Amino acid sequence: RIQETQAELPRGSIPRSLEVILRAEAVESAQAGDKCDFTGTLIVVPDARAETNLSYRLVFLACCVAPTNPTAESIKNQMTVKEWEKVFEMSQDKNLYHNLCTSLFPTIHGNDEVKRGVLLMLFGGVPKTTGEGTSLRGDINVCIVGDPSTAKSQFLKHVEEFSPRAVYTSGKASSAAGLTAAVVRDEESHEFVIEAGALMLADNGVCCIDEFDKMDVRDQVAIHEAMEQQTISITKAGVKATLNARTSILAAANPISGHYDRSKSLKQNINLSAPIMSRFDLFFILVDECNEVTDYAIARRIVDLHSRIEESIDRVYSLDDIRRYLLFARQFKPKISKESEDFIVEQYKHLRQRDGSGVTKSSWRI
Amino acid sequence: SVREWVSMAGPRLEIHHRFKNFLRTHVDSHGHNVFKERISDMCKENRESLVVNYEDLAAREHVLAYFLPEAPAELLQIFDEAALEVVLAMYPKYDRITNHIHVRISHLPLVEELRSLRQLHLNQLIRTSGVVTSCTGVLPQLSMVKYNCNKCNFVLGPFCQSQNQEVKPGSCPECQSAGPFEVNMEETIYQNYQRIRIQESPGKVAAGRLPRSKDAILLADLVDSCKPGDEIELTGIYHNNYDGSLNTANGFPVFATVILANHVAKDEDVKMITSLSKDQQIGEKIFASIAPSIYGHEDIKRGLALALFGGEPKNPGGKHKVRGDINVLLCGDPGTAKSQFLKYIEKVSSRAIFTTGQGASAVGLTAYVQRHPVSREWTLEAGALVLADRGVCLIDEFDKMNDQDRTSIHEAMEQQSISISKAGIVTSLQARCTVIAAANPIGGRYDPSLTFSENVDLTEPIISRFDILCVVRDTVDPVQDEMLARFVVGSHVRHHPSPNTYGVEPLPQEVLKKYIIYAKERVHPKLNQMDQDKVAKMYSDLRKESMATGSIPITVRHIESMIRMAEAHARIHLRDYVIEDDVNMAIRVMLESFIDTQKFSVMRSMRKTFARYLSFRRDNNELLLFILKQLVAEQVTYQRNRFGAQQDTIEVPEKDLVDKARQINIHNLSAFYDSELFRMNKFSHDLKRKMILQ
Amino acid sequence: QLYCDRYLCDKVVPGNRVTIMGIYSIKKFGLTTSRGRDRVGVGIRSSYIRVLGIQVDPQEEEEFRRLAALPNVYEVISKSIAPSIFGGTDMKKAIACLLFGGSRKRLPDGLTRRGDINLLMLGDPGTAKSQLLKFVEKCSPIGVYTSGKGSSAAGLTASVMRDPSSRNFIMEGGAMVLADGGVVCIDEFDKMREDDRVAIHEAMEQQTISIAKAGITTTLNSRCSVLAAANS
DNA sequence: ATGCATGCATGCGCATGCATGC
DNA sequence: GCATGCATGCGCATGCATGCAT
Ligand SMILES: Nc1ncnc2c1ncn2[C@@H]1O[C@H](COP(=O)(O)OP(=O)(O)OP(=O)(O)O)[C@@H](O)[C@H]1O
Ligand SMILES: Nc1ncnc2c1ncn2[C@@H]1O[C@H](COP(=O)(O)OP(=O)(O)O)[C@@H](O)[C@H]1O
Ligand SMILES: Nc1ncnc2c1ncn2[C@@H]1O[C@H](COP(=O)(O)OP(=O)(O)O)[C@@H](O)[C@H]1O
Ligand SMILES: [Mg+2]
Ligand SMILES: [Mg+2]
Ligand SMILES: [Mg+2]
Ligand SMILES: [Zn+2]
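If you read the protein sequences in the order shown, they are chains 6, 2 and 5.
Heads up: the first sequence runs through residues 207 to 253, 262 to 267, 292 to 308, 321 to 616, numbered per the deposited numbering.
Heads up: the second sequence runs through residues 181 to 446, 458 to 689, 707 to 902, numbered per the deposited numbering.
Heads up: the third sequence runs through residues 246 to 302, 316 to 490, numbered per the deposited numbering.
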């Protein structure tokens, strides 16, 4: 089943659905959640009357399926000479840490910490398994809280536009059945098929949730279960199944009173349960300062963007190159050196010592 | 085709003779007749199945191995006939016991996964691996059906029951009628039938795609060989030739595929236990064995060991019932690894049920009657408490429960039974189980200034049920934090894809399980040698001084708990009678648990007053280390408060430690300086200045 | 699935633990083509068991008369009530006379007067109150033990519903309703819910419970002695 | 004579309205 | 002042039983 894209939607119209049939080797491709171009014919299948001296429907047959916009050794072999040259040029630059920050967020002024956190979340870690049967998380989740209009929702949209596999939800617009998955019958056999939810479509990707406080308690419990076990279990309609959801969550939230209280802790400012709160790796807090120079700087950028629609951007690397580099880099599984162990131990000791009573109270314990 | 050549009688007889010769003459690498001993072992258990390795068959006769994948049914029938003939030649009585024998292939060249099964594999032999998701149970299917005529009483001859089409008898030979017929239940032969749904392993599924499932059928001895949720490997036949497989009523002409499987792949101990019990440090080894991956928390491990070993229920007549289960409650700050203990206990325990009070638990905590979503049958599903009868029930997030769960737990802990009155069903079910629960404080951090009851959302009657209460705090100790960080980093490094305790040696898990089973089965301690006077005096003094303090007096209940713990200790050493050591240990544990729940001033006063009982089998070095830690903490706090930052070195005079030791009646500290604990905490002693440096 | 014939009907109430001896058979209803979505099963007949046997898991009058004719029956009965618990002789006597109970009397006017006794106990924890309740529940011929808020899967008072499929008035037996002429022990008297608290007033006073819903009005009988425990 | 459309539960998914508890 | 627990209507699909039009 295929769906009409958003770019072709006319005024006040809902996207149309079409049915495609694949034969022989073309059966292998065309996985769910993809954006693909199909080549084939339009053929009528029965679903006025005839007599001796009529209900029909439209079905599409496809011949080839291709990506709309197109194992380290295999990736190296697939890439062309110029693509590999560009990848090598990118790899040998320190400014890659800085330039990418300007590459993905050109219009946004300041907030470099959020950009670096988003980059680290995008790159992700290395998952591991223990000998006792337990599993260790390798994904990174990021939460943002701030005053109104402090560029809070722009990062989620940028991740939407950049990431190829990303699903975005807001508040109560997504139901419980919208997430997780659903099970329905097969139309031509005794088998059953599974309709994937938002989390499953964003598998090995990034899931963006705005207005995280408005979500219902049951939905938050389901999200916490997905974050913790990284598995979705469905026992419905005579079907029992378990599915893998290895996603990374980027969430946006607002204070209870609508403004961040400087004299209160983080727990007293957000109406979020402690379990889901503890699972997040990084929390970012944005406060709108009443500074004249900051207002001038923001105004300059906004007016420059509005004055020059497309000439106010000086990206160093195209988004396609960044996507290719990310795809190449995510395959690597670096190890931990011996001296890094002692360095991490000492740094964690210092971080714990920071929690002493000789300094003012912090908003989040370690 | 291969099947066409196989069908005719000539090659059938030739293959039969060849397989008989192969069965008779096959030997192992050492020359021993494999089939002789295999058939003898099968005979010893009156089995009905035989296992044949494909590698040996290919090595001996290549033609049978070549024809095997492309013609499974007929060749398997021929092999069954040959095996039956050979077995009947070996033993003649089996015509009375078993009239047929099945031949199953064990090994095969590994075949593609469930995704690659396509048209090329039609009517062939395949090997797959998957995970079981459902089971239909055992069902009876017809075989050699005998029919009874409706007009006359003639019994029709047996008809072979094919799995492709239903049996349709032609007509009665005598009366020549062709009307309806009925099945002769008394003389018909029946076979076992089972159906399974198999899904790909989630770990091997590539990202961006969903696992796929297929159906399989088991017959005869293969039934009830796989539990749901287990990982299996099957060798089977990829089949379509069954009636109703083709979609004809509407839609495209689509066939449904079904796999027919024929193979599934998944005294001295007593003396050893008695010898281990003779060891002088068996109890310490058992205590250190629990939770190898969890650092510290020795008291928690000891309490969990006592709970696991358990006690002995009593019932004088049928009036006064006293339980013997030791319930455990842990309350702690976040990040103290409370869930790891529960997971380890679930792994160790033979019958353990794990549940969480937050919600969406796999196993519920309240009984209800409902139609099961999978089996679609009207069932009565009891709570985790009933399913854990004579077992262990672990509860996580104990403070997030609702009213129904709280009421059910209260009635299961007080009355040890659950009463159900729903949908016209009135039942009472036993819930004899040991409860271990984990919880967090109300404010997110434990406050020593308040009592244990005020720091937990639970009510006093619920807390009163638990025999052992543990309190875990997250105080900042640099050495402990450094050691924990080292352990965590080492654990992370070791498990990349590409001995610290005073105990001599922890026991292996299997030996621990055998010890627990033996102790539970064959140990029943008796209290014929108890000393009532000491217990009575201690109880009187405890009550008097608790009321002198004026907060939370002790009661009779604790004494009973103490007795239980004593019995538990007597179960560890396999002693048939309790002695003074177990009584003293139980007294120490109970007093520690009671004291830890009081507030600051009361706890300090009780600890000062009751130093005699709490020091049973303790180490003076540990007490001196505690004193030194208190002094160091005081000095560091003063330095941080005044100077505003920590200094590079910490120093403390020896005279204060000596004076405090004299207060505890200790006059020598050379052993403490030479003790391993002194070096472990990186303390040094300087006689040139009579100081202690850290 | 089980089939009972003739005199074997109504011998078993649902919820009982039974041992049944019978014949393992299959249903015979001629032949029919396989129908429905799934047609993999071929030649499968539903099975059942035909039940043939079910087991459920004057001289004494003189003995009782001799026991009651003694001058020391009161002391013997008092001692027989929980000999394990130390002290509380007056409490044991009160429990015994509660177990024996009084007599109910009707009047020509149609009014009724209660013949059952109700007791209340208050005290500090650790005074062995629950043990007495359990002993009373075991000793009494009919006895129910509750926790005030109902139970794991049964409420304290009855409820009435209407089945949409069959349009019949289904009543769920509560803890008070399940006992008639027996003793109901109630721990944690403080934590009672509002509706149950309101209903127990009428249950104690008139020994009846009146329930009115759409198209129905009923008055169930609850002649229960009440033994309650509570905390300070 | 045979295969199919329909009557009668029942699960599924959902939205909507009334009561209450913090 | 609002989110949630507890009925109840709405719309639907699915399964089991049977009764006869082509
Ligand atoms: N003593 C310890 N030794 C090893 N690892 C530890 C120890 N204490 C804590 N950890 C680690 O702390 C991490 C926190 O997760 P864990 O599930 O154990 O927390 P928890 O105490 O159950 O917390 P919560 O209060 O959130 O339920 C785990 O990965 C665990 O390995
Ligand atoms: N630091 C900033 N730099 C540039 N533009 C900003 C910045 N902060 C806010 N803006 C502008 O203000 C608007 C904020 O809207 P939005 O991000 O939706 O607010 P919120 O996400 O908090 O609801 C954006 O359109 C953005 O262009
Ligand atoms: N007077 C007594 N004689 C014998 N045992 C007692 C006495 N008082 C208390 N106990 C013991 O102490 C325990 C008290 O617990 P419990 O009766 O549940 O307290 P409560 O009912 O007040 O909550 C019982 O198990 C009982 O065996
Ligand atoms: Mg926004
Ligand atoms: Mg936990
Ligand atoms: Mg009690
Ligand atoms: Zn006949």
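Quick reminder that beta carbons are idealized off the backbone N, C-alpha and C, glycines included.
- Comparing alpha carbon positions, the residue from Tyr785 (chain 2), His766 (chain 2) and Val712 (chain 2) closest to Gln737 (chain 2) is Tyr785 (chain 2).
- At least one heavy atom of ligand 3 lies closer than 7 Å to the C-beta of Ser388 (chain 5).
- Those residues that have a beta carbon less than 5 Å away from any non-hydrogen atom of ligand 7 are, in order along the chain, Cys329 (chain 2), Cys332 (chain 2), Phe334 (chain 2), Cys352 (chain 2) and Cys355 (chain 2).
- Counting only Cβ-Cβ distances below 8 Å, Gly346 (chain 5) has no contacts in chain 2 at all, with the closest Cβ about 14 Å away.
- For the options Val467 (chain 6), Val434 (chain 6) and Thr497 (chain 6), the alpha carbon positioned closest to that of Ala448 (chain 6) is the one of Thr497 (chain 6).
- Your pair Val296 (chain 5) and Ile265 (chain 5) checks out as a contact, with CB atoms roughly 6 Å apart and the cut at 8 Å.
- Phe393 (chain 5) has a beta carbon lying within less than 8 Å of a beta carbon in chain 2.
- For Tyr373 (chain 2), the CB contacts under 8 Å within the same chain, skipping 5 residues up- and downstream, are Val318, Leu319, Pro320, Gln321, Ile397, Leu398, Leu399 and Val403 in chain order.
- In this structure, the straight-line span from the alpha carbon of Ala603 (chain 2) to that of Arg371 (chain 5) is close to 37 Å.
- Relative to ligand 6, the beta carbon of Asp658 (chain 2) is positioned no closer than 7 Å to any heavy atom.
- Nearest to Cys340 (chain 2) by C-alpha distance, out of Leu380 (chain 5), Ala461 (chain 5), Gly288 (chain 5) and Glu463 (chain 5), is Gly288 (chain 5).
- Selection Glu225 (chain 6), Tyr418 (chain 6), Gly360 (chain 6) and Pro505 (chain 6) evaluated against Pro398 (chain 6) yields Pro505 (chain 6) as nearest (Cα-Cα).
- In terms of beta-carbon proximity, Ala479 (chain 2) stays away from the interface with chain 6, with every pair separated by 8 Å or more.
- Note on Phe891 (chain 2): 16 or more other CB atoms within 10 angstroms of its CB, so buried under the neighbour-count rule.
- Nearest CB-CB separation between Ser279 (chain 5) and chain 2: below the 8 Å threshold.
- Beta-bridge annotation (DSSP): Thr492 (chain 6) is paired with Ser483 (chain 6).
- Between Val670 (chain 2) and the set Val626 (chain 2), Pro353 (chain 2) and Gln902 (chain 2), the nearest pair of CA atoms involves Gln902 (chain 2).
- For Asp397 (chain 6), the CB stays at least 7 Å from every heavy atom of ligand 4.
- Under the 8 Å Cβ criterion, the segment 370-388 of chain 6 does not count as touching the segment 558-571 of chain 6, having fewer than three qualifying pairs.
- The segment 403-421 of chain 5 and the segment 375-386 of chain 5 do not touch, with fewer than 3 CB-CB distances between them shorter than 8 Å.
- Proximity to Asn454 (chain 6) across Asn494 (chain 6), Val433 (chain 6) and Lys344 (chain 6) peaks at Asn494 (chain 6), based on C-alpha coordinates.
- Taking the C-beta atoms as reference points, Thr415 (chain 2) is found nearer than 8 Å to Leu288 (chain 2).
- By the Cβ-count criterion, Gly494 (chain 2) is buried, with 16 or more other Cβ atoms from all chains shown falling within 10 Å of its own Cβ.
- Counting only Cβ-Cβ distances below 9 Å, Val287 (chain 5) has contacts in chain 2 at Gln321, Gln341, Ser342, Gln343, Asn344, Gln345, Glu346, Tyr422, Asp423 and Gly424, in chain order.
- Checking the 7 Å criterion, the Cβ of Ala503 (chain 6) is out of range of every heavy atom belonging to ligand 2.
- Of the residues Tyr747 (chain 2), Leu499 (chain 2), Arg514 (chain 2) and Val182 (chain 2), the one whose Cα lies closest to the Cα of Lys505 (chain 2) is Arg514 (chain 2).
- Taking 4 residues as the shortest admissible run, the segment 402-448 of chain 5 contains the following complete alpha helix (DSSP H) segments, listed from N- to C-terminal end: 433-436.
- In the displayed model, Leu290 (chain 2) falls within coil according to three-state DSSP, outside both helix and strand.
- At a cut-off of 7 Å, the beta-carbon of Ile481 (chain 2) does not count as near ligand 3: no heavy atom of the ligand is closer than that.
- Restricting attention to alpha helix (DSSP H) runs no shorter than 4 residues, the segment 337-368 of chain 6 encloses them at 346-354, ordered along the chain.
- Setting aside the 5 residues that flank it on each side, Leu346 (chain 6) is surrounded in the same chain by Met340, each with a C-beta closer than 7 Å to its C-beta; the list follows chain order.
- Boundaries around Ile586 (chain 2) are those of the beta strand (DSSP E), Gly582 to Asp587, since no alpha helix (DSSP H) includes it.
- Counting along the chain, the unbroken alpha helix (DSSP H) around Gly494 (chain 2) starts and ends at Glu489 to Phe500.
- Counting only the Cα atoms, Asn876 (chain 2) lies some 30 Å from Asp856 (chain 2).
- Annotation for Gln621 (chain 2): the continuous beta strand (DSSP E) segment containing it runs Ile616 to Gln621.
- Burial of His474 (chain 6) is indicated by the presence of at least 16 other C-beta atoms within 10 angstroms of its C-beta.
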